[PDB]
Amino acid sequence: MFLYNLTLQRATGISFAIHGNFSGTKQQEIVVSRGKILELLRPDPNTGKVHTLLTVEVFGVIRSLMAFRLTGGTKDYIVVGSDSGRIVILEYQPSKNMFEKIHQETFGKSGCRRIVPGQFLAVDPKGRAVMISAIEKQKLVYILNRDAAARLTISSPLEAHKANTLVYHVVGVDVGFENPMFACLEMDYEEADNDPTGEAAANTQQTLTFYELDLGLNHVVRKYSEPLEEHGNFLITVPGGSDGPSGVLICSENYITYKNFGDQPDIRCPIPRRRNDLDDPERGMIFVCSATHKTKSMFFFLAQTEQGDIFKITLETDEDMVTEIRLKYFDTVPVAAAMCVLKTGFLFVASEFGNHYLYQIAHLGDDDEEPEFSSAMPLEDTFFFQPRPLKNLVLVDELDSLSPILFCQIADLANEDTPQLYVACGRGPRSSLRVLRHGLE
Amino acid sequence: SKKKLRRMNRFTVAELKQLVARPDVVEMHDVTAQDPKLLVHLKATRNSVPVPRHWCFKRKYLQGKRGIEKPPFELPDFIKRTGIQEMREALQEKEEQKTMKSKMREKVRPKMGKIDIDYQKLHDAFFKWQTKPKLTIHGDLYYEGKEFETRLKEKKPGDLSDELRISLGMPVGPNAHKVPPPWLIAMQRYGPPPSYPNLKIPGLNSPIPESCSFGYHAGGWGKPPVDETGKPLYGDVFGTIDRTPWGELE
Amino acid sequence: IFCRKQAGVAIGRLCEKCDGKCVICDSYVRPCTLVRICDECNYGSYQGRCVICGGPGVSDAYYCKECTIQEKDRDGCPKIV
Amino acid sequence: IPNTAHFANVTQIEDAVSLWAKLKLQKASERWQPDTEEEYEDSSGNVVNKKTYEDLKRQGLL
Amino acid sequence: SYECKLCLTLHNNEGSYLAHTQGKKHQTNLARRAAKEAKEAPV
Amino acid sequence: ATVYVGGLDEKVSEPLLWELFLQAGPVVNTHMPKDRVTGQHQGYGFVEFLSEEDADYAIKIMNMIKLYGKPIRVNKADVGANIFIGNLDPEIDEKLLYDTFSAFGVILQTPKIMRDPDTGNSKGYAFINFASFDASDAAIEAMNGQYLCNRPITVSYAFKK
Amino acid sequence: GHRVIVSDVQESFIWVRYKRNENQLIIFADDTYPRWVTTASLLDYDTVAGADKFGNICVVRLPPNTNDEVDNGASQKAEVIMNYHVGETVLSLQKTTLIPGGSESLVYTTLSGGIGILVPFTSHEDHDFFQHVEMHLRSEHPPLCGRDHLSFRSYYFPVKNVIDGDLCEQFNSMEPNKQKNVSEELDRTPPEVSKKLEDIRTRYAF
Amino acid sequence: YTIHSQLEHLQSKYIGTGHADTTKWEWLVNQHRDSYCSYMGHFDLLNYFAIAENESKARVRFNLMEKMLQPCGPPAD
Amino acid sequence: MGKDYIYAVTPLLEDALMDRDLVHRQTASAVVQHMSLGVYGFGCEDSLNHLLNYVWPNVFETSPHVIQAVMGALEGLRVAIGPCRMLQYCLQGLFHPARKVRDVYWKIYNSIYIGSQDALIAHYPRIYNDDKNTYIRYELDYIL
RNA sequence: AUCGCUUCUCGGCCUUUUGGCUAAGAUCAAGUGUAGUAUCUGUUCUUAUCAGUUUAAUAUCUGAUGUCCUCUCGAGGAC
Ligand SMILES: [Zn+2]
Ligand SMILES: [Zn+2]
Ligand SMILES: [Zn+2]
């Protein structure tokens, strides 16, 4: 046999997203990643319709996607960590409508390995360095300087090889023109594999830690470990520098925590649940995705939860410390692979199975007869709340997607001559059987 | 001694064969292995390929091939056809006869273009008559003397050779069907062998091979062995979709 | 013997005796990708030398296309020190 | 017990017989025997095997 | 190369072959060959 | 199991010997362990068919098979031992003849039936080289006048031509 | 009509025979690899296409001479005639033709909203053409994300007899300089290439 | 044997290699960890499991990375 | 452009891999290495399988050049033929009684692992779970 | 026919072994460095258990080789 391979409909499901001014303007662009595809959309503020400008093939796996802005430039580069042993830097040319490869750095072997970097990648909020990281034993850091003609350069990478250590996340902490530094989680399977009893399996603790640059001496020094109470998935970065304090929100199961090193006494808060729900007495609760609106006025986070409920979070802060936490129920939307909270008053809710949505924000999520929650409010018992239909968000746009296509059938099952396709798709309650045909309605 | 207590752990070959789920594998030294349950599950996996013979042996790999005499390599047909070998034989005999002085004389005054052999003869061999040799599929390692081992496990009766036919008295070629061999004669006479009772003889327990002849002289099928009531010795000694490939070139 | 302390962005170079071969595969053909070395085997009197001869850096060490098909070129400064 | 490979290097006879015992059990297992497996409902809405079906069939009911 | 079909010795060159056939172990295996030969065969 | 390959043909190779062993049944051993001098076939060989009845019927079959063109016999491992047999049944085959006349001895020549050459149909006589003269005696005695296929047998010691 | 292709969950397709008169279910031919299949399809009487949980599609064919009726762990086995790393879990194949009178095709529908077709070739002229098209395209227009295309499409088991229509169809969105360079290696005009690119989807799909 | 300095540096270089004494436990646990790192890396087996159980991608990868710690029982002795 | 002469050349390499000398097998192995790296991706994998059958027996060897050209042939053959086929060749001798054979198979499997450690995830066998460990991978046999 | 000879004929395959002469006509034959492989060659091994080291298993290696009388390591016996 001799075959030729053609794709009719690209992959639709979304995995990663970033938002930035990827065309230099202050009209914002969104760069999402399908499976092996990089697709760029620009949401029009007039109708609220998102035009899918540029859809490109990359022939690889996008494991990690993060935009960044150089210190003071007007563009929005992309840093892509994929499954080759390379980090790649991308830009938009609207003149040619094409992604452009600025730089390219090999650091290892191909394929979705385990000790070769690329799974996690973070930047420093100002745009001075990037860190690339694996799920064991390897992380590197790249320094970025405009050249004389301001065309970006990238020097050789740094090192942080530390054996027998997982990583549940890595993120850049917002410092003000100090040495940039990064908060990773960690773990240490080491002992739990030296103990023939399985004791050390239990009794091992995540260690929310910070590595730090030293751009003067040009190395990465281990600053600040701290044994955390319980493993939590990830870390939302606190807008530091001038705005806000520094610090990380550790999104652990049932509990979201502020924490920063130095003098701060570490801040807790249990998660408020919906009331009178029908969920298993055992089932915990984790924060799935997050997105932060940081604006001229102030900042805030949104984080979402398994049953789809969104929450608002802002910082009640005194001089240098923050003092306490307020999570107040915003609304509940589809389960999200990502949220990209625009200015111009929308946010992109990248569905995880099915049609993905664009909501517009109506009220800041503040000052109504929805209750108030806090990290200072003590209790013996929990909070609760009772959800409701869409209050603070209004459903502007709805982009279709087949993800997932759980079954198919070709036939001609209308009286038409040409065949239709009968696609059994979608997950659980949001599933469906959907008819495809070659016609346009 | 601790190796000796693990040596008391060093179970019996019967211990193994009874434990294991697939007992064909279990071999001699299997037991002195640090993890025989693994080793045996592995050796009983699908599609896997066992260690060579010769790790035990004291002689190295083919120092046993040392002894014999061996005949030179035999070219592919489609390369003989293009008639290179005769060119080279002729040039060989020439230059073995010629003497040193004449050799250097030809070094200084060459016989430029003595010979020729045309292209399209070559290019058609290599690009128009090149053909798949005989290959061996996954697993069948070559070991010493393998090419000497004749071949076995064709318990089939119909398997006949042409030298077999000649040196047994039967025919070779298109008549290997219509020729019942001299053993099918006593198959019809007193039966086919009682360990190949799952073998039927052609013309004796099977029907006529294509265009066979009934008769009792030399060259026929004779009496297809039957009971007195008419039912044959076995079987029938007398004789009473859409296979299109999907992707195929025009 | 190998340096192998991990790669960088500094190109390597060849003396003229060593001119032409790949660094490991010892080829003479079809070179595809350029060689990079480590800072430590980059500094000082070792600037611009022959990874093999030690001679002066004049021609560029390269990577035989086989070495790039098998990605034996993703290990770093292979300097025989 | 046949001279099949499965017992080669088992030299003691009680071991051989228990080995071939479990081997026998496994061969009879993985055999598909239509008598006990192949099963027949009578007309009366209840089921038997091939054997019993033909048994009571040809001894005058079915 | 050259062989001794008797002593199963492999030689590069003549001089070595001639020295081989000047029997020392050629001699031993040779006399053994002859001994076992005369063993098996002998109106 | 063990069968005497007698009249073991010289060039009739042990390879095709074992291929016929398989084409008959359990080809487990085909061996003609020859002279320590010659290498060619030594007139009697051991053919093991690991089933006794297999070797038995394979022997009944591969007797009279024309090894080196000559009938060679699978069995248990010229002073006039030829017998004249007349009133002959014309309706026999040659291997049937070898198995009918080989009960009291070997057949060093299959029964040569003195048939007319004009047609190819016999007039009722033959002669057969058996193993022994006492063998021809016993066989010709048990079949003196006795029940042949259609024309009753009449056998005894054969004349010389 | 009377053969079975069972497909276990880890080993492979396994060809099974039903002999009715003895009423047996007996094995004759299986595969030589492990393949965690998710769904298979029949292309003929001897050829079966398979998906795989890790990305791949393969086509496996019985050798032409199978002793269908008879009575390591098998007797005789099948071969592999094509091997492609699609890129996402392929959850349903089907042998079908789309547009009326269009030649046959394989539709594959993945788990991420992707739908596509694998389409045969009729002429070594077509075959050699796109073969060379992409053999140059890899070299002068590599993927964005660092990867090599040959190695991405031979992630698990090497490629065999599949051309990457989605790399070929990138000639359009290429640049005039390179469009030239390559179509001149082909010594056809960028018109010739691009029309021969478009029409092959034209006669199979839309 | 300086080759060995480099070679147990290689054992120190590539988590998952072996040597002639390696134990079924180290072998199978290393292959199990690698299996997890790739279920995470490849964006689509994640959908396979997310959809097979009724979990969601955060749930999925959290389980996986918890399991990454003692995946194949407790240690050997 | 070896996809043409690979067939013509195979029966000569199999000829010289059935012994003729150390150097004979050292050199036929080098030839296999370069053929494999040339014919990467053109489907001539049946021929390289056939020649694996003949190269793999030389695995137990001692002379440095000979065993070294053998190992090279197996890296080339690894990219060209895939890592399933070679993990299957390397399965049974990982846990062998001996130590010479254990060591050669762990040398190979190390080099098969370093390069292409990530395919193997779909090529590992099924290794049953005894009492106090879990060894099967249920992740991979969720149905869907 | 024999036996003695004569001649010739034939057969082996045997044996014979070259173109004369001269100033034996004259003249003359220039490879490494590194290791290492393989091949020849030379050579060396009954001793009795057992313990261990060791090894896939051998082997190797290490370590000693029933008491009492008595006569010449050897012998008949109370044992
Ligand atoms: Zn190299
Ligand atoms: Zn260095
Ligand atoms: Zn140099």
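Protein sequence lines, in the order shown, are assigned to chains Z, L, Y, U, V, D, R, B and A.
FYI, in the UniProt record's numbering the residues of the first sequence are 1 to 380, 383 to 443.
FYI, in the UniProt record's numbering the residues of the second sequence are 450 to 689, 703 to 712.
Residues in the third sequence are numbered consecutively from 9, following the UniProt record's numbering.
Residues in the fourth sequence are numbered consecutively from 440, following the UniProt record's numbering.
FYI, in the UniProt record's numbering the residues of the fifth sequence are 53 to 94, 104.
FYI, in the UniProt record's numbering the residues of the sixth sequence are 13 to 89, 97 to 180.
FYI, in the UniProt record's numbering the residues of the seventh sequence are 997 to 1067, 1083 to 1217.
Residues in the eighth sequence are numbered consecutively from 5, following the UniProt record's numbering.
Residues in the ninth sequence are numbered consecutively from 1161, following the UniProt record's numbering.
The beta carbon of each residue, even a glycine, is placed where N, CA and C say it ideally should be.
Close CB contacts of Z/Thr55 within its chain, under the 7 Å cut and outside five residues either way in sequence, are with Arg10, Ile37, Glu39 (chain order). Note: V/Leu62 is bridge-paired with V/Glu55 in the DSSP secondary-structure output. For the pair Y/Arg44 and R/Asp1159, the Cα-to-Cα distance works out to about 19 Å. Relative to ligand 1, the beta carbon of Y/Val59 is positioned no closer than 8 Å to any heavy atom. For R/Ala1036, the closest alpha carbon among the candidates R/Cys1054, R/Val1130, R/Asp1026, R/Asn1083 is that of R/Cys1054.
Annotation note: the region 1123-1173 of chain R contains the following uninterrupted beta strand (DSSP E) runs of length 3 or greater, listed N- to C-terminal: 1126-1131.
Closest in alpha carbon position to L/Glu612, among L/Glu710, L/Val621, L/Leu653, is L/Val621. Z/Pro117 places its beta carbon less than 9 Å from that of Z/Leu140.
Under DSSP, Z/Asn145 forms a beta bridge with Z/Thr153.
Taking CB atoms only, R/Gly1157 has no neighbour in chain B less than 9 Å away.
DSSP places L/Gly664 in the coil class of the three-state scheme, outside both helix and strand.
Contact annotation, A/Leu1211 with L/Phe522: C-beta distance approximately 16 Å; criterion of less than 8 Å not satisfied. Against chain R, the CB of Z/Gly73 has no partner CB under 9 Å away; the residue lies outside that interface. Taking one beta carbon from each stretch, the region 35-44 of chain D and the region 106-116 of chain D have fewer than 3 pairs nearer than 8 Å; the two do not touch.
Contact of L/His626 with chain D is not assigned, every C-beta pair being separated by 9 Å or more. Take the alpha-carbon of L/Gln579 and the one of Y/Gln14: they are about 48 Å apart. Taking 8 Å as the cut-off, one finds at least one heavy atom of ligand 2 near enough to the beta carbon of Y/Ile45. Contact note: R/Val1002 does not reach chain A at a C-beta cutoff of 8 Å; the least C-beta distance is about 15 Å.
At a Cβ-Cβ threshold of 9 Å, R/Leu1155 and Z/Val80 count as neighbours. One thing to note: Z/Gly13 has its Cβ no nearer than 9 Å to the Cβ of R/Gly1051. Taking the beta carbon of D/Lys46 as reference, no residue of chain L falls within 8 Å; the closest one sits roughly 17 Å away.
Under the Cβ criterion of 9 Å, Z/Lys294 is not counted among the residues facing chain B. Y/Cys49 has its alpha-carbon roughly 57 Å from the corresponding atom of R/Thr1043. Secondary structure of L/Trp504 (DSSP, three-state): coil. Judged by beta-carbon spacing, Z/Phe385 lies within the 9 Å limit of Z/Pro272, meaning their Cβ atoms are closer than that value. The alpha carbon of Z/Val238 has as its nearest neighbour, out of Z/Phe177, Z/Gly172, Z/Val123, Z/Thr323, the alpha carbon of Z/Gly172.
Under the three-state reduction of DSSP, L/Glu542 is assigned to helix. If you look at D/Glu31, you'll find it isn't in any beta strand (DSSP E); it sits in the alpha helix (DSSP H) that goes 26-36. Within chain V, the C-beta atoms nearer than 9 Å to that of L/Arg515 come from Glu55, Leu60, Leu62, in chain order.
CA-CA distance, D/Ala70 to L/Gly516, rounds to 38 Å. Close partners of A/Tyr1167 in chain L (Cβ separation under 7 Å): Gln579, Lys581, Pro582. In this structure, the CA atom of L/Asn654 is about 50 Å from the CA atom of A/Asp1164.
A direct Cα-Cα distance of roughly 26 Å separates Z/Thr344 from Z/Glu316.
At a cut-off of 9 Å between C-beta atoms, L/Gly607 does not count as an interface residue with respect to chain R. Per DSSP, R/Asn1188 has no beta-bridge partner at all. With a threshold of 9 Å between beta carbons, R/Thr1120 makes no contact with chain B.
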